[PDB]
$ cat final_37.cif   # mmCIF, C-alpha atoms and all ligand atoms
data_data
loop_
_atom_site.label_atom_id
_atom_site.label_comp_id
_atom_site.auth_asym_id
_atom_site.auth_seq_id
_atom_site.Cartn_x
_atom_site.Cartn_y
_atom_site.Cartn_z
CA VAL A 2 90.66 80.76 131.23
CA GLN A 3 87.93 82.85 129.62
CA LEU A 4 90.10 85.56 128.03
CA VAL A 5 93.70 85.27 126.80
CA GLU A 6 95.84 88.16 125.56
CA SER A 7 97.93 87.46 122.46
CA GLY A 8 100.98 89.22 121.10
CA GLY A 9 102.88 92.20 122.41
CA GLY A 10 106.31 92.64 123.89
CA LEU A 11 108.97 95.22 124.62
CA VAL A 12 108.80 98.25 122.32
CA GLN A 13 111.71 100.39 121.17
CA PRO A 14 110.97 104.14 121.32
CA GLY A 15 109.99 105.26 117.85
CA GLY A 16 108.66 101.78 117.04
CA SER A 17 105.21 100.29 116.56
CA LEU A 18 103.42 97.17 117.74
CA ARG A 19 100.14 95.28 117.41
CA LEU A 20 98.07 93.74 120.21
CA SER A 21 95.57 90.89 120.34
CA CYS A 22 93.04 89.39 122.74
CA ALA A 23 91.34 86.09 121.93
CA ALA A 24 87.72 86.05 123.09
CA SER A 25 85.86 83.09 124.57
CA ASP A 26 82.53 84.06 123.00
CA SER A 27 80.51 86.85 121.43
CA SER A 28 78.09 86.62 124.37
CA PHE A 29 80.59 87.93 126.95
CA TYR A 30 80.93 91.20 124.99
CA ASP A 31 77.77 92.54 126.68
CA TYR A 32 78.15 95.32 126.74
CA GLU A 33 81.63 96.87 127.04
CA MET A 34 85.03 95.19 126.74
CA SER A 35 88.31 96.89 127.63
CA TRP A 36 91.81 97.39 126.22
CA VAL A 37 92.99 98.69 129.58
CA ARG A 38 96.50 99.85 130.46
CA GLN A 39 98.11 101.56 133.47
CA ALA A 40 99.65 104.82 132.29
CA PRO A 41 102.05 106.55 134.71
CA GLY A 42 100.00 109.11 136.64
CA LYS A 43 97.37 109.26 133.91
CA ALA A 44 93.91 108.13 134.99
CA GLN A 45 92.27 104.92 133.78
CA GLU A 46 90.85 105.96 130.39
CA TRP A 47 89.24 103.30 128.22
CA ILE A 48 90.82 102.83 124.79
CA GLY A 49 89.37 99.72 123.19
CA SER A 50 85.73 98.80 123.71
CA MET A 51 83.08 97.12 121.59
CA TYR A 52 79.64 95.51 121.66
CA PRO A 53 78.31 91.97 121.14
CA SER A 54 76.15 93.03 118.20
CA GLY A 55 79.19 94.62 116.55
CA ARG A 56 79.27 98.29 117.52
CA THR A 57 82.28 100.48 118.26
CA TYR A 58 82.75 103.81 120.05
CA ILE A 59 86.13 105.37 120.88
CA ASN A 60 87.12 108.38 122.97
CA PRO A 61 87.37 111.39 120.60
CA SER A 62 90.51 112.88 122.19
CA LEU A 63 92.58 109.66 122.31
CA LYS A 64 91.68 107.99 118.99
CA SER A 65 94.58 109.38 116.93
CA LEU A 66 96.70 106.32 117.81
CA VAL A 67 94.46 103.25 118.16
CA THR A 68 92.65 101.09 115.58
CA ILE A 69 90.39 98.07 116.14
CA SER A 70 89.34 95.07 114.04
CA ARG A 71 87.95 91.56 114.56
CA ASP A 72 87.60 88.15 112.96
CA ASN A 73 84.76 85.79 113.89
CA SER A 74 86.44 82.49 112.93
CA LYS A 75 89.05 82.27 115.71
CA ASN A 76 87.36 85.03 117.76
CA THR A 77 90.73 86.79 117.70
CA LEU A 78 91.02 90.52 118.37
CA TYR A 79 93.14 93.09 116.52
CA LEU A 80 94.46 96.26 118.16
CA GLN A 81 96.70 97.73 115.46
CA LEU A 82 98.71 100.53 117.08
CA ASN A 83 101.01 103.14 115.54
CA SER A 84 103.69 105.44 117.01
CA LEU A 85 104.00 104.03 120.52
CA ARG A 86 105.36 106.46 123.12
CA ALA A 87 106.13 106.63 126.85
CA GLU A 88 102.48 106.97 127.93
CA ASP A 89 102.07 103.16 128.09
CA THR A 90 104.66 102.28 130.76
CA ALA A 91 102.85 99.21 132.11
CA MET A 92 101.55 95.76 131.20
CA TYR A 93 98.10 95.71 129.62
CA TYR A 94 94.94 93.73 130.32
CA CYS A 95 92.03 92.64 128.11
CA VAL A 96 89.32 91.90 130.67
CA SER A 97 85.56 91.69 130.18
CA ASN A 98 83.24 93.81 132.35
CA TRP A 99 86.13 96.03 133.44
CA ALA A 100 83.88 99.07 133.92
CA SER A 101 81.92 97.28 136.69
CA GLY A 102 84.86 97.45 139.11
CA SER A 103 87.68 94.96 139.69
CA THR A 104 85.76 92.06 141.27
CA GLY A 105 83.12 91.03 138.69
CA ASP A 106 85.62 90.01 136.03
CA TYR A 107 88.11 87.30 135.07
CA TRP A 108 91.77 88.25 134.66
CA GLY A 109 93.75 86.54 131.91
CA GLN A 110 97.43 87.13 131.15
CA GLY A 111 98.01 90.56 129.60
CA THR A 112 100.95 91.99 127.71
CA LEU A 113 103.69 94.55 128.32
CA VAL A 114 104.15 97.61 126.09
CA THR A 115 106.79 100.02 127.41
CA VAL A 116 109.42 102.36 126.00
CA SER A 117 112.08 104.54 127.60
CA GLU B 309 126.44 0.01 135.04
CA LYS B 310 126.26 -0.18 131.26
CA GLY B 311 123.62 2.00 129.66
CA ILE B 312 122.66 5.50 128.61
CA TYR B 313 121.92 8.02 131.37
CA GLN B 314 120.49 11.54 131.15
CA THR B 315 122.74 13.62 133.39
CA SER B 316 122.12 17.33 132.77
CA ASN B 317 120.81 19.78 130.19
CA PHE B 318 122.31 21.82 127.37
CA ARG B 319 121.33 25.44 126.76
CA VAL B 320 122.79 27.89 124.25
CA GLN B 321 123.75 31.14 125.96
CA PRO B 322 123.15 34.33 123.97
CA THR B 323 125.77 36.60 122.46
CA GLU B 324 125.75 40.37 123.11
CA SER B 325 122.41 42.07 123.68
CA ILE B 326 120.44 43.93 121.02
CA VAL B 327 117.89 46.71 121.51
CA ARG B 328 115.83 48.09 118.63
CA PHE B 329 113.49 51.09 118.69
CA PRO B 330 111.93 53.12 115.86
CA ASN B 331 112.93 55.96 113.52
CA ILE B 332 111.68 58.60 115.99
CA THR B 333 114.83 59.69 117.86
CA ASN B 334 114.16 63.26 119.02
CA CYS B 336 109.81 66.53 117.65
CA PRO B 337 111.57 69.93 117.82
CA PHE B 338 111.15 70.97 121.46
CA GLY B 339 113.31 74.03 120.69
CA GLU B 340 110.12 76.09 120.32
CA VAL B 341 110.46 77.27 123.94
CA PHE B 342 114.09 76.98 125.05
CA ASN B 343 115.86 79.05 122.38
CA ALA B 344 113.75 81.82 120.89
CA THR B 345 115.56 84.85 119.46
CA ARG B 346 114.22 87.22 122.14
CA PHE B 347 113.03 86.10 125.57
CA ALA B 348 110.08 87.44 127.55
CA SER B 349 109.79 88.78 131.10
CA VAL B 350 110.38 87.03 134.41
CA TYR B 351 106.86 86.47 135.76
CA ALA B 352 104.91 86.48 132.48
CA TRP B 353 105.33 82.70 132.42
CA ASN B 354 103.52 81.98 129.15
CA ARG B 355 102.30 78.37 129.06
CA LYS B 356 103.79 77.28 125.74
CA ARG B 357 102.45 73.73 125.80
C1 LIG C 401 114.79 55.92 110.83
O1 LIG C 401 114.61 56.95 109.78
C2 LIG C 401 114.85 56.47 108.39
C3 LIG C 401 113.56 55.98 107.74
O2 LIG C 401 113.20 56.77 106.61
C4 LIG C 401 115.88 55.31 108.37
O3 LIG C 401 116.61 55.31 107.14
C5 LIG C 401 116.86 55.44 109.50
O4 LIG C 401 117.83 54.37 109.44
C6 LIG C 401 116.25 55.43 110.86
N1 LIG C 401 117.00 56.47 111.65
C7 LIG C 401 116.81 56.67 113.10
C8 LIG C 401 117.62 57.72 113.85
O5 LIG C 401 116.04 56.01 113.70
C1 LIG C 402 118.79 75.29 123.34
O1 LIG C 402 120.10 75.91 123.76
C2 LIG C 402 121.22 75.74 122.82
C3 LIG C 402 121.16 76.84 121.77
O2 LIG C 402 120.59 78.01 122.35
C4 LIG C 402 121.24 74.38 122.11
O3 LIG C 402 122.58 73.86 122.15
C5 LIG C 402 120.32 73.39 122.74
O4 LIG C 402 120.34 72.17 121.97
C6 LIG C 402 118.92 73.88 122.77
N1 LIG C 402 118.09 72.93 123.57
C7 LIG C 402 116.64 72.84 123.36
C8 LIG C 402 115.82 71.85 124.19
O5 LIG C 402 116.10 73.52 122.56
#
$ encode --input "final_37.cif" --output "structure tokens"
Amino acid sequence: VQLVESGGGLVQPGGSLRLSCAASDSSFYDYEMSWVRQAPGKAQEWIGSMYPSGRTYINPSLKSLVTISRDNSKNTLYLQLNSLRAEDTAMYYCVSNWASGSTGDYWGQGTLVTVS
Amino acid sequence: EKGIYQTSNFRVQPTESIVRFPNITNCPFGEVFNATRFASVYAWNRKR
């Protein structure tokens, strides 16, 4: 199991939650990871992505809700979220090489973040 | 005829049985069975 998703759970509307995704190595980051979800009707828009050398770019129009951090000891991932709403009604995935389709990647476990 | 003869044998049968095993009579396996809030149906998280 290359990638494992940590944390998460059911979210009460008006609440907040934090995500996590332990990484097998810094080498698999090349060159775009993914904090992918399945919003209802909304297209697949990338939220969390990063680079092996330690870069970070986020979509300008959807970055008022999502924050990212890392630690290199455990290779754990931090996705500190605030003000969760109904636009997340699905179970997430943290899969490497997501942008290259849905066949050149390994699927881990993923976590559910939904509200009414 | 007169003499001393060895007929049979004598053996001391035991009293009730005794079993002894250490101080470890349990490790708190309750880490999986009885959490405060339980997860989904098919997100079977391998808590090992
Ligand atoms: C083993 O645990 C303690 C040793 O500190 C001892 O006093 C006790 O009699 C034993 N108890 C059990 C359940 O084995
Ligand atoms: C779990 O279920 C009940 C409390 O929820 C308790 O009586 C029982 O001892 C627990 N068993 C385990 C293996 O945790």
$ closest_residue --input "final_37.cif" --among "B:357, B:321, B:352, B:333" --to "chain A" --atoms "all atoms listed in the file"
B:352
$ atom_distance --input "final_37.cif" --atom1 "atom CA of residue B:345" --atom2 "atom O3 of ligand LIG 402 (chain C)"
13.3 Å
$ atom_distance --input "final_37.cif" --atom1 "atom CA of residue A:84" --atom2 "atom CA of residue A:66"
7.1 Å
$ interface_residues --input "final_37.cif" --of "chain B" --to "chain A" --cutoff "9 Å" --atoms "all atoms listed in the file" --output "ChimeraX atom specification"
/B:348-349,352,354
$ closest_atom_pairs --input "final_37.cif" --of "chain B" --to "ligand LIG 401 (chain C)" --cutoff "9 Å" --atoms "only C-alpha atoms and all ligand atoms" --output "tab-separated table"
residue	atom	partner	partner_atom	distance
B:329	CA	C:LIG401	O5	7.5
B:330	CA	C:LIG401	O5	5.5
B:331	CA	C:LIG401	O5	3.1
B:332	CA	C:LIG401	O5	5.6
B:333	CA	C:LIG401	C8	5.3
B:334	CA	C:LIG401	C8	8.3
$ residues_near_ligand --input "final_37.cif" --ligand "ligand LIG 402 (chain C)" --cutoff "12 Å" --atoms "all atoms listed in the file" --output "list in words"
residues 334, 336, 337, 338, 339, 340, 341, 342, 343, 344, 345, 346 and 347 of chain B
$ atom_distance --input "final_37.cif" --atom1 "atom CA of residue A:25" --atom2 "atom CA of residue A:4"
6.0 Å
$ residues_around --input "final_37.cif" --residues "residue A:90" --least-positions-apart "5" --cutoff "12 Å" --atoms "all atoms listed in the file" --output "list in words"
residues 10, 11, 12, 14, 38, 39, 40, 41, 42, 43, 85, 112, 113, 114, 115, 116 and 117 of chain A
$ closest_residue --input "final_37.cif" --among "A:59, A:95, A:69, A:2" --to "residue A:30" --atoms "all atoms listed in the file"
A:95
